[PDB]
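Reviewing the structure listed below.
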Amino acid sequence: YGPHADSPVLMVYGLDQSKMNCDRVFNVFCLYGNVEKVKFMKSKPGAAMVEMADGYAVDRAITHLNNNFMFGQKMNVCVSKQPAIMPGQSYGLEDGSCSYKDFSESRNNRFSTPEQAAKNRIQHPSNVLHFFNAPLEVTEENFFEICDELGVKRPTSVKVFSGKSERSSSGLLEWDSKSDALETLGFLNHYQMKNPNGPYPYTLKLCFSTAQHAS
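Heads up: the sequence shown at position 100 corresponds to 471 in the authors' numbering, and the numbers run straight through without jumps.
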């Protein structure tokens, strides 16, 4: 009892399967809860199930993402009739990745304890993304370079926040439209940014901002 959704599994239609894979779905839905599994459906092109940690995550994802547009398609986000995603009958996507993926052990999940969960603000989709965990000396040009690599739209404005006694940078990335930002989110979240000072790339973390501008 508690959440409205009677399953931790949502169904999402309206995905662009020429662009989306399980990682890119996780890149969107991880803003709303822990993502345990994603499975693209054999029966239904452009649709995927997404198992969250619980129903409250489903309620948030539906509330914020239903009827949003991505790649000109209208997304439909609703509770699944299924209580869990089972692995059976998986297939390879065109990019060679599996139609099913388990993300339950991902270090990129953001709701793994209540106190971690609490640090996620309400995530109403907007045209500005907040970025965290970028390299200390990141520049707008760095982001342009990565967006070009990924084949996504460059942000129209980038703001890096001031920081001290901080081992990574954060800031704001703005696009002209909400769909521009959402489209980018799915491609750019968790991008592995170069670390000149240590072995591990910086995992770029994005979420939605309430800021009107990256100014």
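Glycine is no exception: its CB is placed at the ideal position from the N, C-alpha and C atoms.
| Query | Result |
| --- | --- |
| Counterpart residues of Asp466 in DSSP-defined beta bridges | In DSSP, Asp466 forms no bridge with anything. |
| Collapsed DSSP secondary structure at residue 338 in the structure displayed | Nothing about residue 338 can be reported from this structure: the residues present for the chain run from 372 to 586 only. |
| Stretch-stretch touch, CB-based, cutoff 8 Å, three pairs: the stretch 420 to 428 with the stretch 398 to 406 | yes |
| Whole-number beta carbon distance between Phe579 and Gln494, since they are thought to touch under 8 Å | 5 Å |
| Length of the line joining the Cα atoms of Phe503 and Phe532 | 10 Å |
| Buried/exposed call for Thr581, threshold 16 Cβ in 10 Å | exposed |
| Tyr471 classed as buried or exposed, judged by whether at least 16 other C-beta atoms fall within 10 angstroms | buried |
| Extent of the continuous beta strand (DSSP E) to which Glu545 belongs | 540 to 545 |
| Exposed unless 16 or more other CB atoms sit within 10 angstroms - verdict on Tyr562 | buried |
| Bridge partner(s) assigned by DSSP for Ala552 | According to DSSP, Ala552 bridges with nothing at all. |
| Whole-angstrom distance between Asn438 and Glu554, CA atom to CA atom | 14 Å |
| Proximity below 8 Å, CB of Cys393 to CB of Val380 | no |
| Beta-ladder partner(s) of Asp473, from DSSP | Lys408 |
| Spatial distance of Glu545 from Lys530 (CA atoms) | 9 Å |
| For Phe515, the three-state DSSP class (helix, strand or coil) | helix |
| Distance between beta carbons of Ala432 and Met382, contact taken as under 8 Å | Not really, about 11 Å apart at Cβ, beyond 8 Å. |
| Beta-bridge pairing of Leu577 - partner residues as DSSP gives them | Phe502 |
| Through-space distance from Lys415 to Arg478, alpha-carbon basis | 30 Å |
| Residue from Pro506, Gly569, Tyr571 whose Cα sits closest to the Cα of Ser541 | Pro506 |
| DSSP three-state assignment for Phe558, whether helix, strand or coil | helix |
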